[PDB]
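Peer 1: Following this message is one structure expressed as structure tokens.
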Amino acid sequence: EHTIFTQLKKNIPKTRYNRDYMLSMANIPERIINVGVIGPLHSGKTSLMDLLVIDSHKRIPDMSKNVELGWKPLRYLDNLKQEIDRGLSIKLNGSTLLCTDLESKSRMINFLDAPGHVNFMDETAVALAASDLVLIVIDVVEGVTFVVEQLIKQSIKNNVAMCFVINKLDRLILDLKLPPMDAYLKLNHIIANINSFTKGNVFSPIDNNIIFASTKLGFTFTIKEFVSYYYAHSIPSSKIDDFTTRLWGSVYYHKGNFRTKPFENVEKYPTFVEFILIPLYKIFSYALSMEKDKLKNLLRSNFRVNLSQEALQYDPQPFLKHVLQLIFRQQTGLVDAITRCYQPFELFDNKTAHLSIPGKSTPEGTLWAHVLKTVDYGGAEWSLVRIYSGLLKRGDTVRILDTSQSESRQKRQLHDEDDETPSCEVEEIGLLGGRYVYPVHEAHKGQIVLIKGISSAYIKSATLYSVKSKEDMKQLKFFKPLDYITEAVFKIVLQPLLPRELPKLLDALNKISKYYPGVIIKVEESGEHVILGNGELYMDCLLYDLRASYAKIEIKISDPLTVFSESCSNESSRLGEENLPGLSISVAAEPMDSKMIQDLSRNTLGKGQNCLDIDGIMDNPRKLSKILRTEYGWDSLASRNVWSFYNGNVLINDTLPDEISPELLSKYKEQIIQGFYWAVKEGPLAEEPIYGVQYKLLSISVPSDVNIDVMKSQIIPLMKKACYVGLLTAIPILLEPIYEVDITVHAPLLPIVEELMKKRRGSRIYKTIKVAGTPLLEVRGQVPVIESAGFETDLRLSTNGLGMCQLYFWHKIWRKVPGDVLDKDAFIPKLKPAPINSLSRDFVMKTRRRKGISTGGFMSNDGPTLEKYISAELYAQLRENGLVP
Amino acid sequence: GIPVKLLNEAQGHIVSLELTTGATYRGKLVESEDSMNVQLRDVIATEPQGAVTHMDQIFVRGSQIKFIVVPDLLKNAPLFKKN
Amino acid sequence: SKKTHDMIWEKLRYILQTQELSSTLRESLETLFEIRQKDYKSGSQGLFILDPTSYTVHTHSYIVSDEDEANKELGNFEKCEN
Amino acid sequence: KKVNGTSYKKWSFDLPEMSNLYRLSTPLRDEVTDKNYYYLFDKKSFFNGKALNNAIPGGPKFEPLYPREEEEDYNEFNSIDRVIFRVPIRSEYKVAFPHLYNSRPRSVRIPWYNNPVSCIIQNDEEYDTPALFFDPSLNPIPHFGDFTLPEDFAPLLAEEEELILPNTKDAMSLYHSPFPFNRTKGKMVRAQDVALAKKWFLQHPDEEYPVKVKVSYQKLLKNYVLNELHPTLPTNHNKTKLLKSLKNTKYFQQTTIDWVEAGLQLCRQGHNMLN
Amino acid sequence: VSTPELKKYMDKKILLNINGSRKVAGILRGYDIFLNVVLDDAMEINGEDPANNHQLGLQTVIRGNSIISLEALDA
RNA sequence: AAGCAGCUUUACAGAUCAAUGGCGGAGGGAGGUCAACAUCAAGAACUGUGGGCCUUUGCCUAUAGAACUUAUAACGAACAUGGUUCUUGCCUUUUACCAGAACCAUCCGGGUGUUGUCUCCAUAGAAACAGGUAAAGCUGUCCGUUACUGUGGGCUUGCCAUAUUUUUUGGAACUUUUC
Ligand SMILES: Nc1nc2c(ncn2[C@@H]2O[C@H](COP(=O)(O)OP(=O)(O)OP(=O)(O)O)[C@@H](O)[C@H]2O)c(=O)[nH]1
Ligand SMILES: [Mg+2]
Ligand SMILES: [Mg+2]
């Protein structure tokens, strides 16, 4: 009902190697490497794992007669039942394989294919943190689309090597029917398009960074593999390394000598066309058309390849796959690219310094591992872990710290004792194997394994350490919470259909928050349950497992919603006051700069090869005042008195008692900021987060007498009340998230897409790229997330299947909702979409009634108003001037 | 040839190399080349007359080596099979 | 004349991809390719007053390699004893 | 060589014979090569529209799977002052994502997501157009003594001079063709089992058809869904067939006669039975 | 054919034994495919460390044929 | 891959013309709108064989073989009917019906695996002998070329550079103590 999975040990498929020699290679850290397979939607990633699994194993019981032939793929690493039905990877999966390169050096390689759909961009952030090098699989037709660009930008960010797989070369000949020079210009266009995004490293088929593949026909090759099979016999052995460099890149060959210019009097192609593409297209042509007796002689004469008597009575697609698998014999050129690209001396210290804090290398006595995610792998709850130091055996006891706690634990590690971390026992260790788990007694350094018995100690990620001495605990590093790229911004509110089934819902929602790491599950004060998701497909995959796999209950579910953010348009006798006169705190608000907001969304503050990350942004206050004054042009006083950057927001101390007694403020500073955190999390308008508001603490009053006990506990609710008075006075607005859209349609069907973008509300097409060589073109635009309900299927039905869009939230575009948020006279029509001037009033009033903050009979409007916080006698004074409505 | 290929299999594996000068270097293998010159880490060195020392890193020219001892497990290494 | 015309495109297509071209000229060249998929529906409107059998089909088969008699002289004045 | 023998099973053809049958069959073939045409018109969406009691605009209409629907809970959950109204949730939204746009879906089946956007260039105007040809509507591609090998060193397949063979344009039409024309061998099927008209109502008709024949497309789809939804599997122990067990008896003999002769006998015999 | 990989060592003080008996320790600047190694500030080590030691020259080059083993004293 | 060598065979002239060793041979090939018997929907699932535990079963471990059917799940790229029960529809009673469900069946069909039969085409035997099963060169004995050459074909081969620092065109040679 959930997966397909071989439970029996005796039915696990045997391998060509003996699998104990593979685990013997786990002892050497340099021997083993971790490559994770990423790419766009339907790029051929799981099919690339089909080629690596069935050539590692001798007989797979799940492979059928249609699958042994060409007709249907073995999506072996799509073991989930929903993944079989969707035709789609959903969960991260992997298989550990022993693989030899072109120099026949066998080594243990841990593969992990990420799902390529853009709503599962949380699963590939696990694959970016696990892997030493990413094997980015690109289809040749769509080329370098905008989701390819981010997968190049993320791999540079994660300090991870990369190696590009150009896939689907059958579509380049069988679908598109390009002439061989016209397809060489296609391949040269894509490689020149990935070299602009890899800002340092040049990528080229000479440099063994690029592998050509057509995975439905089941082959892959570099140009180094192809020379070493069929051209190394003819030319001298000192020439094979210089010949393969004269192979790509506008250099021509005729009768024994090479030129950059074209030969006169001779119709001649480049050396890549004549030596590789012309031999490849003849294999495509002759396996489909040439007689099987005449073709059998050409495969012995040129490829030394014997066609079987059973293979000649094949259908044209299995016969084309059988020839292309009997040429291009193994994936030794893929593995040689994975071997030659990864350099652990350059990258593994920077990769560890990016997942945790930068420091010296931990000693080998420390066991130290990174728990990537919790995996529901084969009817059990496993933990996906990567070991960075030490040795872990089955039955040991380890200290497992949840990563959300690791911000404070790393900060409290400095110290200018006991009960620090819960302890769980390593119940069982296995290797992920696709449709099975292979049990192992221990797990060495550098390899991804699956451990049962860890998952209860944490949510959504963990760090695993087992330290020997207390002095050795001082130097261990804690990992940072995982950078899932897309923010969970697509919102669904649910409750169970029956009230007595609520504990079974809360049990299943705690599983989904573990299993789906890019979700944000929260419980409102009204008792409803909010799930924040990535898209329509990410919610539909989530709510399948919630209704079928993890709780058998039926649940009520609202329409798609979004998260809103709160902000202001201008800066604004401004004071705040408690019923007791002992506390008087005045707070002003101001919009932050657009460049200052856009850089804090990129998680780092700076410009031009000088930037300060948000984690150590307090630890250099002299340098922070240099960055704020130079790059954005703030005042010198405002640069020195900034207290904290909470998410998208800033607090500045601007008061005269700070010039009088800053030490009296410094003992109360940590709880003003704690109360500042208590106000940004739920703002004054609709209990929504605050984004892009420059707070200025104007004044603060300290009562006669001091109580740490009472003054400490009273200022935290009052500062949250005082931040509301500053924002509401400062012409508040409502923000909405903006999906970016990546449409692929055929070129005649573009005016359908332009009219389809006009039916939505805040949609605009910004860029229209002619995807070269293809009939289709790439359309890049934007849409609000509250408007993008059924956007994906309105596009497909209107273009009759020749259109597809990816909706994503990489860039954190928050845009002002077009209405005015304080409109008592806004016309909200029932059952119809309200007009464009009524939008900020509508979205707040409905949100305040989901939360229960505003309670009406049917529709009673008590707006977010500046009178329940400030005194009512002052509110009447604000009406007569025209400042407050 | 297979014998050198096997040396690549040795890589990262505690291996013992006897020089034609008579010494014995047992330790981990950092790198190897088709020439066969081998460089080791944490080698325990035995001079020809038996005096034993310990050296952090080492490189030995291929021509010098008389024989190499490699991990016993390597024997069932995948490449070896004739067919 | 589809067959020879297609040959004109194929040489024309060889211009853009395998050869280097001045920029402003080049964008106009690929626009022609764009119209080609778009099928020419904005080069096909005009004053077809005459039916295809009301225009007497004097399709003059003259080649731009023929010295063509440059008859400026009948636009001069003369003297008809006719 | 084309069949096993006069038992007439397991045929196998060559490429020119297979493309020739492909060309004769173009009145009755499928004429659709992408699976993105059948997006909300496959049988998984047809099962969901029955289970959710929705109507695809060309698909069939059924009875409610759960006709006890009119019960409701008086609650503040789905009220109008709660719901933001931006996009009307269509029935195509409910079927594409059955677990998102449906409160309480049950007996629904997970649909297939997209396939990659099929860009298959076919060429039908001229036989003399080559098999590999830079077709119009393709976007153009705008871009941009030291070492010596011995002479008569050649690339692979250099002794074979031509890339396009005279059957390649035929064979690539067959490669992207639906079943059974992409095959060259296969088992025999019965004359009952060759559904020539099944592919017509599995497609959208067109807007041009009248209303009495668009019902015939919907009503034949409804019989298609109910056969797929309720499989009746055959049991294996049925080893006694009727004609085989009467052949074993001495009271039945065998010959070959004409069909019209055997029809006239069965009319004479069946008249003699009822009379 | 293939260049020996000394790449990490270069710029590090190295001891190496040459041919029959001799041991020479010096900073290493260059290596080639035959292993010919050129190092600066060369010193010929002997039994008595300060005494019998004599420097060779500002730059010394070594034929790769006489190298028996190379050990780098340093990081 | 031309050419040379190695290998495998081959028309063979052989050595032996023995004891040998290798491969082949010790009752065919294609079929049939022929038949019988198994088998065809399940922890992604099978069976034989060896070893250990408990006391045969079961488990663990080692190994060999897996035809057909199946992943947008099913022998059938096809598609009818019946029974019961629940809920509706038609609205004199019943039958025959309406159209959804749940559980079961019948009917038209299909694959594969052995064995028997039938039809057509067959002839080198050394297809000679002795044992026995549910099956057979299954085993022993055995015979054909033959295990060691040269000519003629093929390649599981050479790494196409064969003396000038990491391998095979020599840093070799000589003398001395102890025991
Ligand atoms: N023509 C052609 N089609 C291919 C090729 N590789 C895969 N496909 C098809 O493309 C679809 C996508 O392939 P997948 O194996 O699912 O690759 P994927 O990137 O893992 O897809 P996701 O699950 O979304 O991540 C498959 O249904 C294949 O049929 C190829 O090399 N050539
Ligand atoms: Mg995938
Ligand atoms: Mg009666």
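The way I read the labels, and the way they are meant: chains A, B, ... in the order of the structure tokens, residue 1 as the first residue of every chain, and ligand 1 as the first ligand shown, with later ones counted on from there.
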Using only C-alpha atoms, find which residues of chain B lie within 8 Å of chain E and jot them down as a list in words.
Peer 2: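 Result, ordered by chain then number: residues 21, 33, 34, 55, 56, 57, 58, 59, 60, 61 and 64 of chain B.
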Peer 1: Please produce a file of the residues just selected, as an mmCIF file, in the first residue's frame, where the atoms kept are N, CA, C and O atoms.
Peer 2:
```cif
data_model
loop_
_atom_site.group_PDB
_atom_site.id
_atom_site.type_symbol
_atom_site.label_atom_id
_atom_site.label_comp_id
_atom_site.auth_asym_id
_atom_site.auth_seq_id
_atom_site.Cartn_x
_atom_site.Cartn_y
_atom_site.Cartn_z
ATOM 1 N N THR B 21 67.409 -1.913 -2.020
ATOM 2 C CA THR B 21 68.496 -1.613 -1.099
ATOM 3 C C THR B 21 68.428 -2.477 0.153
ATOM 4 O O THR B 21 69.396 -2.513 0.919
ATOM 5 N N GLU B 33 51.794 5.347 -9.088
ATOM 6 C CA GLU B 33 51.876 5.710 -10.488
ATOM 7 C C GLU B 33 52.182 4.479 -11.329
ATOM 8 O O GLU B 33 52.636 3.471 -10.815
ATOM 9 N N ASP B 34 51.923 4.564 -12.626
ATOM 10 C CA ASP B 34 52.146 3.442 -13.525
ATOM 11 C C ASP B 34 53.619 3.094 -13.507
ATOM 12 O O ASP B 34 54.014 1.961 -13.760
ATOM 13 N N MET B 55 58.577 7.491 10.044
ATOM 14 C CA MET B 55 58.654 8.691 9.166
ATOM 15 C C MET B 55 57.236 9.137 8.801
ATOM 16 O O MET B 55 56.413 8.264 8.461
ATOM 17 N N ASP B 56 56.967 10.443 8.875
ATOM 18 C CA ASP B 56 55.625 10.949 8.630
ATOM 19 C C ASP B 56 55.119 10.660 7.222
ATOM 20 O O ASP B 56 53.979 10.257 7.046
ATOM 21 N N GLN B 57 55.946 10.963 6.219
ATOM 22 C CA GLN B 57 55.543 10.768 4.799
ATOM 23 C C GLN B 57 56.751 10.244 4.020
ATOM 24 O O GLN B 57 57.888 10.522 4.450
ATOM 25 N N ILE B 58 56.521 9.518 2.921
ATOM 26 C CA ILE B 58 57.662 9.016 2.167
ATOM 27 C C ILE B 58 57.283 8.903 0.697
ATOM 28 O O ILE B 58 56.134 8.622 0.352
ATOM 29 N N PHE B 59 58.282 9.045 -0.167
ATOM 30 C CA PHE B 59 58.159 8.717 -1.582
ATOM 31 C C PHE B 59 59.296 7.783 -1.985
ATOM 32 O O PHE B 59 60.442 8.054 -1.670
ATOM 33 N N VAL B 60 58.995 6.695 -2.685
ATOM 34 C CA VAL B 60 60.045 5.812 -3.192
ATOM 35 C C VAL B 60 59.965 5.624 -4.702
ATOM 36 O O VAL B 60 58.898 5.364 -5.232
ATOM 37 N N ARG B 61 61.093 5.741 -5.390
ATOM 38 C CA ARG B 61 61.116 5.525 -6.826
ATOM 39 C C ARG B 61 60.751 4.079 -7.119
ATOM 40 O O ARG B 61 61.197 3.166 -6.442
ATOM 41 N N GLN B 64 63.451 1.043 -7.624
ATOM 42 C CA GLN B 64 64.094 0.511 -6.389
ATOM 43 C C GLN B 64 63.326 -0.699 -5.841
ATOM 44 O O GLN B 64 63.986 -1.641 -5.357
#
```
Peer 1: Would you pick out the contacts of range 135-141 of chain D at 7 Å or less, using only C-alpha atoms (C1' of nucleotides), so that residues sharing its chain but fewer than 6 positions from it are not included, and give the list as a short mmCIF file (atom, residue, chain, number, x, y, z; two decimals) with C-alpha atoms, in the first residue's frame?
Peer 2:
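Wrote it out as part37.cif, contents follow:
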```cif
data_model
loop_
_atom_site.label_atom_id
_atom_site.label_comp_id
_atom_site.auth_asym_id
_atom_site.auth_seq_id
_atom_site.Cartn_x
_atom_site.Cartn_y
_atom_site.Cartn_z
CA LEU A 185 25.66 23.56 -32.54
CA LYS A 186 22.98 22.45 -30.08
CA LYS A 770 13.96 31.30 -27.70
CA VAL A 771 15.07 27.82 -26.67
CA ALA A 772 17.41 27.20 -29.60
CA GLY A 773 17.15 24.17 -31.85
CA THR A 774 13.65 23.28 -30.58
CA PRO A 775 10.14 24.39 -31.57
CA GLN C 17 25.01 29.58 -36.46
CA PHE C 33 13.53 32.70 -38.71
CA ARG C 36 9.22 31.43 -40.65
CA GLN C 37 7.63 29.37 -37.79
#
```
Peer 1: Could you pull out the residues sitting within 12 Å of ligand 2, using only C-alpha atoms (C1' of nucleotides) and all ligand atoms, and write them as number ranges by chain?
Peer 2: A: 36-50, 73-80, 83-84, 86-94, 112-118, 120, 123-124, 137
Peer 1: Give me the residues within 12 Å of residue 419 in chain A as JSON, numbers by chain, counting only C-alpha atoms (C1' of nucleotides) and dropping any in the same chain fewer than 4 places off.
Peer 2: {"A": [399, 401, 423]}
Peer 1: Would you output that residue set with N, CA and C atoms, as a PDB file, in the first residue's frame?
Peer 2:
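What landed in part-v2.pdb:
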```
ATOM      1  N   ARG A 399      25.218  10.761  21.445  1.00  0.00           N
ATOM      2  CA  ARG A 399      24.510  11.979  21.809  1.00  0.00           C
ATOM      3  C   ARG A 399      23.967  12.620  20.540  1.00  0.00           C
ATOM      4  N   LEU A 401      21.861  15.702  19.072  1.00  0.00           N
ATOM      5  CA  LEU A 401      21.320  17.033  19.286  1.00  0.00           C
ATOM      6  C   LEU A 401      20.524  17.470  18.065  1.00  0.00           C
ATOM      7  N   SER A 423      20.181  10.844  24.696  1.00  0.00           N
ATOM      8  CA  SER A 423      20.998   9.737  24.224  1.00  0.00           C
ATOM      9  C   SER A 423      20.098   8.640  23.681  1.00  0.00           C
TER      10      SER A 423
END
```
Peer 1: Please identify the residues whose atoms come within 12 Å of ligand 3, using only C-alpha atoms (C1' of nucleotides) and all ligand atoms, and report them as number ranges by chain.
Peer 2: F: 92-94
Peer 1: Up to 12 Å from chain A, what residues of chain F turn up? Count only C-alpha atoms (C1' of nucleotides) and give them as an MDAnalysis selection string.
Peer 2: chainID F and resid 1 43:46 60:63 65:73 155:156 158:161
Peer 1: Output as a tab-separated table one row per residue of chain F within 10 Å of chain B: the closest atom pair and its distance in Å to one decimal place, counting only C-alpha atoms (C1' of nucleotides), sorted by chain and residue number ascending.
Peer 2:
```
residue	atom	partner	partner_atom	distance
F:156	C1'	B:83	CA	8.2
F:165	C1'	B:63	CA	9.9
F:166	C1'	B:63	CA	4.6
F:167	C1'	B:63	CA	7.0
```
Peer 1: Store the residues picked out above in a file with N, CA, C and O atoms (P, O5', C5', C4', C3', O3' and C1' of nucleotides), as a PDB file, in the first residue's frame.
Peer 2:
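Listed below is the output, selection-v1.pdb:
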```pdb
ATOM      1  P     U F 156      37.447 -12.299 -30.966  1.00  0.00           P
ATOM      2  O5'   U F 156      37.501 -11.910 -29.425  1.00  0.00           O
ATOM      3  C5'   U F 156      37.632 -12.910 -28.424  1.00  0.00           C
ATOM      4  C4'   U F 156      38.454 -12.411 -27.265  1.00  0.00           C
ATOM      5  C3'   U F 156      39.915 -12.122 -27.593  1.00  0.00           C
ATOM      6  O3'   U F 156      40.366 -11.024 -26.804  1.00  0.00           O
ATOM      7  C1'   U F 156      39.795 -13.790 -25.923  1.00  0.00           C
ATOM      8  P     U F 165      67.246   6.385 -20.677  1.00  0.00           P
ATOM      9  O5'   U F 165      67.568   6.693 -19.153  1.00  0.00           O
ATOM     10  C5'   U F 165      68.284   5.752 -18.362  1.00  0.00           C
ATOM     11  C4'   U F 165      67.965   5.881 -16.892  1.00  0.00           C
ATOM     12  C3'   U F 165      66.514   5.602 -16.504  1.00  0.00           C
ATOM     13  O3'   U F 165      66.481   4.960 -15.231  1.00  0.00           O
ATOM     14  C1'   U F 165      67.107   7.792 -15.846  1.00  0.00           C
ATOM     15  P     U F 166      66.652   3.367 -15.109  1.00  0.00           P
ATOM     16  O5'   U F 166      65.217   2.860 -14.651  1.00  0.00           O
ATOM     17  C5'   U F 166      64.084   2.999 -15.496  1.00  0.00           C
ATOM     18  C4'   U F 166      62.813   2.675 -14.757  1.00  0.00           C
ATOM     19  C3'   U F 166      61.531   2.683 -15.568  1.00  0.00           C
ATOM     20  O3'   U F 166      61.341   1.454 -16.245  1.00  0.00           O
ATOM     21  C1'   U F 166      61.212   3.714 -13.431  1.00  0.00           C
ATOM     22  P     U F 167      61.475   1.335 -17.841  1.00  0.00           P
ATOM     23  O5'   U F 167      61.969  -0.160 -18.067  1.00  0.00           O
ATOM     24  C5'   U F 167      63.307  -0.532 -17.764  1.00  0.00           C
ATOM     25  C4'   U F 167      63.376  -1.611 -16.712  1.00  0.00           C
ATOM     26  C3'   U F 167      63.269  -3.045 -17.225  1.00  0.00           C
ATOM     27  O3'   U F 167      64.027  -3.892 -16.369  1.00  0.00           O
ATOM     28  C1'   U F 167      61.559  -2.652 -15.682  1.00  0.00           C
TER      29        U F 167
END
```
Peer 1: Can you work out which residues from chain A touch chain C at a cut-off of 12 Å (counting only C-alpha atoms) and hand them back as number ranges by chain?
Peer 2: A: 179, 181-186, 188-189, 250, 262, 269-270, 746-751, 770-777
Peer 1: Go ahead and write the selection's residues with N, CA, C and O atoms as a compact mmCIF listing (two decimals), in the first residue's frame.
Peer 2:
```txt
# COMPACT_ATOMS: atom_id res chain seq x y z
N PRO A 179 20.02 17.65 -38.30
CA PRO A 179 21.23 17.20 -38.99
C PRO A 179 22.43 17.26 -38.05
O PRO A 179 22.41 18.03 -37.09
N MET A 181 25.52 18.40 -37.94
CA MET A 181 26.16 19.67 -37.62
C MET A 181 25.22 20.55 -36.81
O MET A 181 25.65 21.22 -35.87
N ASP A 182 23.93 20.54 -37.15
CA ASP A 182 22.94 21.32 -36.41
C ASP A 182 22.74 20.83 -34.99
O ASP A 182 22.27 21.60 -34.14
N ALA A 183 23.07 19.58 -34.70
CA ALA A 183 23.04 19.10 -33.33
C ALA A 183 24.34 19.33 -32.59
O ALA A 183 24.35 19.35 -31.36
N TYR A 184 25.45 19.49 -33.31
CA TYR A 184 26.69 19.91 -32.68
C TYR A 184 26.61 21.36 -32.23
O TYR A 184 27.16 21.72 -31.18
N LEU A 185 25.93 22.21 -33.00
CA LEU A 185 25.66 23.56 -32.54
C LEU A 185 24.69 23.58 -31.37
O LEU A 185 24.68 24.54 -30.59
N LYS A 186 23.86 22.55 -31.24
CA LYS A 186 22.98 22.45 -30.08
C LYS A 186 23.78 22.13 -28.83
O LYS A 186 23.57 22.74 -27.77
N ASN A 188 27.03 22.58 -28.40
CA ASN A 188 27.95 23.67 -28.14
C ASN A 188 27.23 24.86 -27.51
O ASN A 188 27.86 25.65 -26.80
N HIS A 189 25.93 25.00 -27.76
CA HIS A 189 25.19 26.11 -27.17
C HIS A 189 24.92 25.87 -25.69
O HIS A 189 24.96 26.82 -24.89
N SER A 250 35.99 23.00 -32.47
CA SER A 250 36.26 23.69 -33.74
C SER A 250 37.71 23.49 -34.20
O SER A 250 38.49 24.44 -34.35
N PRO A 262 38.93 25.61 -41.64
CA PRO A 262 38.40 24.57 -42.51
C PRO A 262 39.31 24.25 -43.68
O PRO A 262 39.98 25.12 -44.24
N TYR A 269 33.56 18.52 -41.44
CA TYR A 269 32.93 18.83 -40.18
C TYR A 269 34.00 18.97 -39.09
O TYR A 269 35.15 18.59 -39.30
N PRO A 270 33.65 19.55 -37.94
CA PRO A 270 34.56 19.49 -36.78
C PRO A 270 34.83 18.07 -36.32
O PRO A 270 34.12 17.12 -36.65
N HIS A 746 5.43 25.51 -26.81
CA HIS A 746 5.76 25.66 -28.21
C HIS A 746 5.57 27.10 -28.66
O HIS A 746 4.75 27.84 -28.12
N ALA A 747 6.36 27.50 -29.66
CA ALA A 747 6.36 28.88 -30.12
C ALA A 747 5.04 29.40 -30.70
O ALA A 747 4.76 30.60 -30.51
N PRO A 748 4.21 28.63 -31.44
CA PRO A 748 2.89 29.18 -31.81
C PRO A 748 1.96 29.40 -30.63
O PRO A 748 1.10 30.29 -30.69
N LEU A 749 2.09 28.63 -29.56
CA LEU A 749 1.18 28.71 -28.42
C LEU A 749 1.54 29.80 -27.43
O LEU A 749 1.05 29.76 -26.29
N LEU A 750 2.36 30.76 -27.80
CA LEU A 750 2.68 31.88 -26.92
C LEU A 750 1.53 32.87 -26.69
O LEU A 750 1.38 33.31 -25.54
N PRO A 751 0.71 33.28 -27.68
CA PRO A 751 -0.43 34.16 -27.33
C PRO A 751 -1.48 33.52 -26.45
O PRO A 751 -2.27 34.26 -25.84
N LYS A 770 13.98 32.30 -26.64
CA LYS A 770 13.96 31.30 -27.70
C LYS A 770 14.88 30.15 -27.29
O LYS A 770 16.10 30.30 -27.31
N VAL A 771 14.29 29.02 -26.91
CA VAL A 771 15.07 27.82 -26.67
C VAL A 771 15.55 27.32 -28.03
O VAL A 771 14.74 26.88 -28.85
N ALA A 772 16.85 27.42 -28.27
CA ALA A 772 17.41 27.20 -29.60
C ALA A 772 17.31 25.74 -30.00
O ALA A 772 17.30 24.85 -29.16
N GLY A 773 17.20 25.51 -31.31
CA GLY A 773 17.15 24.17 -31.85
C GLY A 773 15.83 23.44 -31.71
O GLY A 773 15.67 22.38 -32.33
N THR A 774 14.90 23.94 -30.92
CA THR A 774 13.65 23.28 -30.58
C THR A 774 12.49 24.12 -31.09
O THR A 774 12.66 25.31 -31.38
N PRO A 775 11.29 23.54 -31.24
CA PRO A 775 10.14 24.39 -31.57
C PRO A 775 9.61 25.17 -30.39
O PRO A 775 8.83 26.10 -30.58
N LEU A 776 10.02 24.81 -29.18
CA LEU A 776 9.48 25.41 -27.97
C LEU A 776 10.36 26.53 -27.45
O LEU A 776 11.53 26.65 -27.80
N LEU A 777 9.76 27.39 -26.62
CA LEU A 777 10.46 28.53 -26.06
C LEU A 777 10.13 28.67 -24.58
O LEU A 777 9.06 28.29 -24.12
```
Peer 1: For chain F, which of E:61, E:45, E:36, E:53 is the closest residue, counting only C-alpha atoms (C1' of nucleotides)?
Peer 2: E:36
Peer 1: Between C1' of residue 16 in chain F and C1' of residue 153 in chain F, what distance in Å does the model show, to one decimal?
Peer 2: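 Atom-to-atom, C1' of residue 16 in chain F and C1' of residue 153 in chain F are spaced 26.8 Å apart.
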Peer 1: Name the residues in contact with residue 46 in chain E at a cut-off of 12 Å, using only C-alpha atoms (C1' of nucleotides), excluding same-chain residues fewer than 3 positions from it; report them as a ChimeraX atom specification.
Peer 2: /E:17,21-25,43,49-55
Peer 1: I'd like the interatomic distance between CA of residue 317 in chain A and CA of residue 131 in chain D, to a tenth of an Å.
Peer 2: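 These atoms are spaced 17.8 Å apart.
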Peer 1: Give the helix (DSSP H, G or I) residues of chain C, as assigned by DSSP on the backbone, as an MDAnalysis selection string.
Peer 2: chainID C and resid 2:18 23:38 72:75
Peer 1: May I have the residues of chain A within 12 Å of chain E, counting only C-alpha atoms, written as a compact mmCIF listing (two decimals) with N, CA, C and O atoms, in the first residue's frame?
Peer 2:
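Below you can see part-v4.txt, which holds the result:
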```
# COMPACT_ATOMS: atom_id res chain seq x y z
N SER A 237 50.12 4.96 -28.46
CA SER A 237 49.72 5.13 -27.07
C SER A 237 50.18 6.44 -26.47
O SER A 237 49.61 6.89 -25.47
N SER A 238 51.21 7.07 -27.04
CA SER A 238 51.58 8.41 -26.63
C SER A 238 50.65 9.47 -27.21
O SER A 238 50.70 10.62 -26.78
N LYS A 239 49.82 9.10 -28.18
CA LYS A 239 48.96 10.05 -28.87
C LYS A 239 47.54 10.10 -28.34
O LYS A 239 46.80 11.02 -28.69
N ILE A 240 47.13 9.14 -27.49
CA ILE A 240 45.73 9.01 -27.11
C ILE A 240 45.29 10.17 -26.21
O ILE A 240 44.11 10.53 -26.19
N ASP A 241 46.22 10.77 -25.47
CA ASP A 241 45.87 11.89 -24.61
C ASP A 241 45.86 13.21 -25.37
O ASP A 241 45.13 14.13 -24.99
N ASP A 242 46.68 13.33 -26.41
CA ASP A 242 46.65 14.53 -27.23
C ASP A 242 45.55 14.48 -28.27
O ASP A 242 45.05 15.53 -28.69
N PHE A 345 40.86 17.42 -1.07
CA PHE A 345 41.79 18.32 -0.42
C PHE A 345 41.32 19.77 -0.52
O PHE A 345 41.62 20.57 0.37
```
